Amino acid sequence: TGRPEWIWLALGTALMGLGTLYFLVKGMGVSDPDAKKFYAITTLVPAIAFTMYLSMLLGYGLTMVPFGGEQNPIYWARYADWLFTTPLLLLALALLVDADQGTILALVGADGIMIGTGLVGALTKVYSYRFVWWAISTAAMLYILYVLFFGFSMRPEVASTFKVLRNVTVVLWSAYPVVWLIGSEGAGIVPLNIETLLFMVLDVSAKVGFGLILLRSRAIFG
Amino acid sequence: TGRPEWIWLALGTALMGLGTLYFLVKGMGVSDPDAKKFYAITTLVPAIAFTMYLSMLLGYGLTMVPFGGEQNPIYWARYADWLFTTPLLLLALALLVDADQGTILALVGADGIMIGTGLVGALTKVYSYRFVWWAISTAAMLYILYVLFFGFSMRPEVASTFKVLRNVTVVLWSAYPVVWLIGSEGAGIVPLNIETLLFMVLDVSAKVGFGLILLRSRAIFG
Amino acid sequence: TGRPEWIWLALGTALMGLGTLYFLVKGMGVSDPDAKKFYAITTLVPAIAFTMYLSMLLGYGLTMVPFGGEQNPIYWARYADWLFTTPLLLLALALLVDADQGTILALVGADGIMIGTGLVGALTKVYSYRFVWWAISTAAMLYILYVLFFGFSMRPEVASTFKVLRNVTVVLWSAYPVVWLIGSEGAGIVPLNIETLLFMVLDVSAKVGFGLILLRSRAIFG
Ligand SMILES: CC(C)CCCCCCCCCCCC[C@@H](C)CCCCCCCC(C)C
Ligand SMILES: CC(C)CCCCCCCCCCCC[C@@H](C)CCCCCCCC(C)C
Ligand SMILES: CC(C)CCCCCCCCCCCC[C@@H](C)CCCCCCCC(C)C
Ligand SMILES: *C\C=C(C)/C=C/C=C(C)/C=C/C1=C(C)CCCC1(C)C
Ligand SMILES: *C\C=C(C)/C=C/C=C(C)/C=C/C1=C(C)CCCC1(C)C
Ligand SMILES: *C\C=C(C)/C=C/C=C(C)/C=C/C1=C(C)CCCC1(C)C
């Protein structure tokens, strides 16, 4: 269509869809209780992103936000997506290391505050206050990364596999507040079409890429 | 009022309300931990549907959606209702057979994608894309029904009782995408007032009817 | 600003923020699994209220609702806040007395119906129906208070500490439907600026005040 970023949303739609079918097929046969949970998560996440990428693609998951005296296209569907996939991602890391419930609850709550305030910042029409919501969101993200780094006698296999995903998580997740900031939602240093491209690359990395990593470990099996 | 379907929403309001009081009364005295969960579920579900039927009844849970060049009344309150009652229904079946968490999470996630995309399809103004969201929703429903059918040494009583509800669930739940499709949200083969009637009959069947079945079994007791 | 109630939202923003940092600091070092959950809850709750008080403060969490032939300012952000903090509050009481899951689910579901219908009543433009939603909300609150009072061999320390919070909960929570009723959302006996003040005093009492109580008990430790 006219939306130059359409190509990226259409690519992202396809990769998430293809990833869901892949995990769906691979997930056939798992009987192991524990392995089951990881499989559930690794398949649910691209499945949610799929519906959200397609809603952005069809124009449903998009709104206009007036700020800086202009009507600014805002894909709220990215946030609806992250609202459900990030806690699930967090769940898989906590199950991995058998984290305590209390910690799990900290993180999930932490995470919803994170997505929640980014959404608010995205939809805020007073330009300045946008970045205020950004900073709080970012602060919740740092909280979360702090816990995954500095809060965790597991089998060496789990230790090893979690070390990897944890290092992935820091670098991926960290990238998000930077794209937002440079993209059209923030300072507008990068146009919408490059903005959409970057988030798609991260989303696919974070959805499908992360899961491909995780299900390759036998740390997920009881 | 002027909305011919008002009678159906008013009837449905009354039956859900009456059902909540019935399960509330019947639920007095249960001390059994396990029985408790089933009682919670069987009472919560008509209680939620009650508030949603009344919101449609008062006109709050209703919006207009322009498609086919006409303003089309859409009861989003049906979806808000199904968003919370269907996973609870699913929970009761999984507890019944002691399903694994991973499976439970599959289903609930599956289920939210189901309701979520129907809502999107209902609110989508490009007529054609409506049915695209329909098909994905339906695909999530088939996923779910597949798992309940082909995924489950329980006491014979549980086995027996689950066989029943499982057969109920297939036939009830299956009816929904068919009414949507023939109703005003889809191809408009059936008018709004008959559409509302059909969903009310299913909702009461699915809410109160299903629960009356379930609490009659001693499969729910420890 | 022009909104006379701004001072109250700005005060409330500060107290919730200060409370989050306090619980955050105090929560450093807890290793006890169980104590962990209480700490998570006691810190998450003011953290959520913080983001909601600030959104009301910046004008984001506010809408206009026409009723009585006038445009009536409605802080929906109070409800978004209560939607997430009240079940967490309820969780802490149930963990305290080790309540059964089924009971927990009763309460949380009960609680969402409570906040949900108040939000609907707040946003309902037919003046009369507002109070209908009020009464249902209030009925769910009475349900909840009934269970906390009449539904619970714990260590004497837990017994003792729960008796206190339970008496706090009744008096605090009960105050809410009364302020709503006398405030601008209901009969308009009290102006918006006094209305906002009262809810702020309750919110801080209910958020920070309640948590300060709870974390002082060693009933929270295993
Ligand atoms: C076992 C394999 C081959 C899995 C195939 C699943 C297919 C879908 C997506 C999986 C690919 C992801 C690789 C890691 C993550 C990313 C950094 C991908 C960046 C996206 C941009 C283009 C890369 C090419 C692709 C077509 C995979
Ligand atoms: C123990 C009994 C009698 C329970 C009474 C609870 C009352 C409320 C609703 C319960 C009835 C549901 C029966 C099964 C489900 C359905 C197929 C009902 C279809 C609805 C249409 C009219 C039927 C008559 C009714 C008034 C129950
Ligand atoms: C250990 C202590 C001092 C904790 C400090 C945390 C700071 C933030 C808020 C905590 C205060 C709450 C006390 C109980 C609850 C309320 C009834 C407060 C009513 C609010 C109005 C003004 C009162 C003064 C305050 C500045 C605390
Ligand atoms: C798709 C899945 C992943 C891992 C998404 C992660 C997203 C974030 C970490 C987003 C963070 C945000 C913050 C920190 C700043 C404000 C806005 C964002 C929502 C982009
Ligand atoms: C009220 C409780 C029950 C069991 C409701 C069940 C509803 C469904 C199975 C709905 C399914 C939908 C699908 C499959 C197709 C798109 C739209 C619907 C939401 C009607
Ligand atoms: C901030 C935390 C607390 C404990 C909030 C509690 C709020 C309530 C008990 C609210 C109750 C409502 C009812 C009973 C009546 C309709 C509207 C309200 C949402 C105010």
Side-chain angles (χ1 to χ4, degrees), chain B residues 1 13 16-17 20-21 23-25 27-63 76-77 80-81 83-85 87-92 94-96 98 101 104 108 215 220-222, chain C residues 63 65-67 74 76 79-80 83 87 90-91 94 97-144 146-153 185:
Chain B
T1 71
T13 288
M16 299 299 192
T20 304
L21 310 152
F23 290 120
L24 262 173
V25 193
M28 287 156 86
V30 204
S31 37
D32 192 288
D34 284 85
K36 245 154 161 126
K37 295 170 230 157
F38 292 108
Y39 272 102
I41 292 155
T42 302
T43 310
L44 260 177
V45 157
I48 289 145
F50 161 75
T51 60
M52 297 296 92
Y53 262 82
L54 173 68
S55 83
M56 295 174 302
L57 174 52
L58 295 175
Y60 179 78
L62 164 85
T63 196
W76 55 263
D81 181 358
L83 180 77
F84 303 111
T85 54
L88 282 172
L89 283 170
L90 280 180
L91 223 206
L95 287 162
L96 232 46
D98 191 28
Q101 277 160 242
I104 293 173
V108 173
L215 296 175
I220 68 156
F221 278 94
Chain C
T63 196
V65 180
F67 46 90
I74 293 301
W76 55 263
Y79 300 88
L83 180 77
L90 280 180
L91 223 206
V97 314
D98 191 28
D100 285 331
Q101 277 160 242
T103 309
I104 293 173
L105 178 58
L107 296 163
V108 173
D111 196 274
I113 283 170
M114 180 175 87
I115 304 313
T117 56
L119 178 48
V120 154
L123 300 183
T124 275
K125 299 165 249 224
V126 179
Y127 188 56
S128 268
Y129 295 166
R130 290 181 75 78
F131 304 88
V132 182
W133 290 111
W134 180 86
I136 290 136
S137 182
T138 303
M141 180 192 86
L142 296 165
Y143 174 73
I144 287 150
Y146 182 77
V147 173
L148 304 171
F149 257 143
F150 298 111
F152 291 166
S153 196
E185 266 128 21

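Every chain is numbered from 1 and lettered A, B, ... according to where its sequence line falls, protein lines coming before strand lines. Heavy atoms only: backbone and side chains are in, while hydrogens, waters and symmetry mates are out.
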Asks: Is C:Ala110 in contact with chain B via its backbone, its side chain, both, or neither, using a 4.5 Å heavy-atom distance?
Replies: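 Backbone only.
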Asks: C:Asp111: what forms a salt bridge (charged side-chain N to carboxylate O under 4.0 Å, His left out) with it, not counting sequence neighbours?
Replies: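 Scan of C:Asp111 (salt bridge (charged side-chain N to carboxylate O under 4.0 Å, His left out), adjacent residues dropped) gives none.
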Asks: Just wondering, more than 12 heavy atoms not from B:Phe23 lying within 6.0 Å of its CZ?
Replies: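 More than 12 heavy atoms, drawn from other residues, nucleotides or ligands, come within 6.0 Å of this atom.
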Asks: Which answer fits B:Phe50, side chain, backbone, both or neither, if we ask what part of it has an atom under 4.5 Å from a heavy atom of chain C?
Replies: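 When you check distances to chain C, only side chain atoms of B:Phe50 fall under 4.5 Å.
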Asks: I'd like to verify something: which residue of B:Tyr39, B:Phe84, B:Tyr60 has the highest number of heavy-atom pairs under 4.5 Å with chain C?
Replies: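 Maximum pair count with chain C is reached by B:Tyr60.
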Asks: Heavy-atom count check: over 12 atoms from other residues, nucleotides or ligands less than 6.0 Å from B:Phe221 CZ?
Replies: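 Counting other residues, nucleotides and ligands, CZ of B:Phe221 exceeds 12 neighbours.
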Asks: Please name the pair of heavy atoms, one in B:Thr51 and one in C:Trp133, separated by the smallest distance, quoted to 0.1 Å.
Replies: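 Taking every non-hydrogen atom into account, O-CH2, 3.3 Å.
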Asks: Under a 4.5 Å cutoff for heavy-atom pairs, which residue among C:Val126, C:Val120, C:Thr103 has the most contacts with chain B?
Replies: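 When all of C:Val126, C:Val120, C:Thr103 are compared, C:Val120 has the most.
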Asks: Which heavy atom of C:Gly102 sits nearest to which heavy atom of B:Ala40, and what is that distance?
Replies: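 For C:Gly102 versus B:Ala40, the nearest heavy atoms are O-CB, 3.4 Å.
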Asks: Does any heavy atom of chain B fall under 4.5 Å from the side chain of C:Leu105, the backbone, both, or neither of them?
Replies: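 Backbone plus side chain of C:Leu105, per the 4.5 Å heavy-atom cut-off to chain B.
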Asks: Measure distances from B:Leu54 to the heavy atoms of chain C and classify the residue's part below 4.5 Å as side chain, backbone, both or neither.
Replies: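 For B:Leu54, the contact with chain C is made by backbone and side chain together.
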Asks: Hey, could you give me the OG1/CD1 distance between C:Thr117 and B:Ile48, rounded to the nearest 0.5 Å?
Replies: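 Atom-to-atom, C:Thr117:OG1 and B:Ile48:CD1 are 11.5 Å apart.
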Asks: So which part of C:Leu123 gets closer than 4.5 Å to some heavy atom of chain B, the side chain, the backbone, both or neither?
Replies: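 Its backbone and side chain both get close to chain B.
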Asks: Search all heavy atoms of C:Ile113 against all heavy atoms of B:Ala47 and return the closest pair with its distance.
Replies: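 Between these two residues, the closest heavy atoms are CD1-CB, 3.9 Å.
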